[PDB]
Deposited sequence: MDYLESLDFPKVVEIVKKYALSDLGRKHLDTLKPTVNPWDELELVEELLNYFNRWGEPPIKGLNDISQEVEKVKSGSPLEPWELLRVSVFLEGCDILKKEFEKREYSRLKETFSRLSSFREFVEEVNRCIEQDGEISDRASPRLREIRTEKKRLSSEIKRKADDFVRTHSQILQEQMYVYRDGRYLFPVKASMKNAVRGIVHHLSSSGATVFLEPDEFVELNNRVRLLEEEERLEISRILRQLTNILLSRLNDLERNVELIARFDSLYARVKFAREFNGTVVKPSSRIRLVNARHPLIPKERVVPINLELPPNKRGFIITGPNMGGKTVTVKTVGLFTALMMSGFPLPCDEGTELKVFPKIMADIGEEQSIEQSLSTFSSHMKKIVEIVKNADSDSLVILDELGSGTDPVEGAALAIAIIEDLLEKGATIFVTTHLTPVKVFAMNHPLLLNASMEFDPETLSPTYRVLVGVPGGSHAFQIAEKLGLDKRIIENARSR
C-alpha cells in the first residue's frame, strides 16, 4: 500500500475532523486516486466559492440516521426519538436543496436537486410528537379522548385514596398511598377486605388493594392499555410514510454523505488556505505546506520539475526535510487525484499519474522474514516490475540498509531502470555516487535542503542544482549527544 507510505489516510483523517456526521466520514474514506477527478474537484471549487460568498450553508439537522433507516427497512416501527431524528434530518435535506437553487453554482445545483422532499412526513411528526419525545394530544382524537378519560378517572381514585387515608389512619403505616394501593400494617391486615399484592422486606407492610379500589384500578389500567395500543398505531402510521418511500430516503442519506464529504473538504481548505488544483502536464509546487506540520512550524516548499527532466534526487542534512518534501509530491498528487483541495498557493500544478508508487519506511517482522534491506527491496521489486510511462515513483533512502558501495551501485541501476521505463521519480539519498550520477545524467536534477551555517540548523528551503551533505555531527549535537562523543568523532 503506497498511500499509507505517503501519509494519505492521516491527511484524510484531518479532513474528517470537519465532517458534520459519520456519513461524510465514511464517504471521505471512499475517495481514492482516480484518473478522472475533474468532477469531484469542480464540486469542491463550487462550494468553496459558496463559502466565500454566502458563508456556511444550512447544516442544521444533518446527522447520521443510518441506524434509523435500517430499522425502517427491517419493517420495525421507529421510537418517538428516532422519528424526531429522521424528521429534522429530512427537513435539513429540504433546506439544503432549496438553498442551492437560488445560487449561481451549477454542479452543486444539479447534484443535490436529487434530494427528495419529505415535507409531509416532517409535518405529521412535528404535530404528533413533541420535542421531549412524548406523543402530543394533537396526534389523534382517540388518544386525546383516552388521556382525558384516564385523567378524569385518576382524579377520582386520588380523591377516594385521600379519603381512605384520612378515615383509616390507624391501619396505615405511612399515612399515604403507594404506586394505586395502601401501606397497611400486618396484624391489622384482615381488617379491610382487600387484595394482597406486596410484602415489606421486614414483614411490616402488606401493600393491600382495598375492595372499592379493585375495579377502579382495573378500569384505569385498561385505559392505559388503550393509550399504549393507540400510540403503537400512531408510530406505525408514521414509519410507514418512510417505508413507502424507502428508496427516496436512502438516496437522501447518500447525498448528504456526499455533501458532507464536500463540506469537510471545503472547510479544510479555508483553515489551511487551500487551493483547488486541477490536473495539468507540469509538476510545480508553489508555497506548498504539508498539512501534518503545525502552521507555526511549517515552511512552504517551492519546487518545479523542468519539462526536460524525469528525476529529482534530494540530498541534504539530517532532519532537513528531504523525506517530507519527497512525500509532498506523492501525497498532493494522490490528494488531487482523489478530489481534495491542497494547502498551497495559486499556480501550483500537478499531473495525473495512473501508477503512484512509494518506497518509504522500513518494517522489521520475523514472521514475514522482513528486514531493513528486505522490506525496502521487496517494494523495489514491486515497483520495478510495474513501473512504466504512467508511473510516479517515490524512493526514500535509496541504497540504505547495506554496504554503502553496493547500495550506491544498486541505487544507480534502479534509477536507470525506472528512467529507461519512462517513469517519473523522486529520490532521497545520502550516498555520494548517487549525487554524482544525478548530475551526470541529463534526465536527473539535484537539489538539497538548505543549511544555515551561523545557526547550525536546517531552514527547509529547496535549493535546486546544488547537492548537499548530512551534517551529522551538528544535528547529533542539537539532538542532545554529549559534546564529548562528538569532539571525539570529529
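In sequence order, the deposited residues that have no C-alpha coordinates form the ranges 1, 181-184, 496-497.
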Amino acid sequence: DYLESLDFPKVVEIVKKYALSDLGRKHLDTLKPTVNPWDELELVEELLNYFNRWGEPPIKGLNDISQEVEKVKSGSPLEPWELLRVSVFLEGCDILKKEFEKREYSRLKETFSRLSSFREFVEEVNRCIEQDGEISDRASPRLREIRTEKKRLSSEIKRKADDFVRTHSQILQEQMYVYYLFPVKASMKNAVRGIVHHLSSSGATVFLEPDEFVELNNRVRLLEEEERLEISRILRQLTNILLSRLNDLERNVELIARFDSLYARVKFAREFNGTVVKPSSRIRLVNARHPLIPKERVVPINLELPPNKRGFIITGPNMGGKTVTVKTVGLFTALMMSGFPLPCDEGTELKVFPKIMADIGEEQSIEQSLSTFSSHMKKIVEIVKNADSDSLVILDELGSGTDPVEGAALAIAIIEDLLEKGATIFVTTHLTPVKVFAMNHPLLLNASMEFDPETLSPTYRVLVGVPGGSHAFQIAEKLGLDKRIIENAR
From here on, numbers count along this sequence of modelled residues.
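The PDB entry records a higher mean C-alpha B factor for 446-454 than for its counterpart among 446-454 and 429-437. The PDB entry records a higher mean C-alpha B factor for 465-473 than for its counterpart among 8-16 and 465-473. If you compare the C-alpha temperature factors of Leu255, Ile380, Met357, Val178 in the entry, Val178 comes out highest. Comparing the C-alpha B-factors of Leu392, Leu419, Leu199, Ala413 in the entry, the top value falls on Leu199. In this PDB entry, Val184 carries a Cα temperature factor that places it within the highest third of its chain's modelled residues. When all modelled residues of the chain are sorted by CA temperature factor, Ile241 is found within the highest third. Among the modelled residues of its chain, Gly194 has a C-alpha B-factor that falls in the highest third according to the deposited record.
In this PDB entry, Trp81 carries a Cα temperature factor that places it within the lowest third of its chain's modelled residues.
In the PDB entry, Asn302 places in the lowest third of its chain by CA B-factor.
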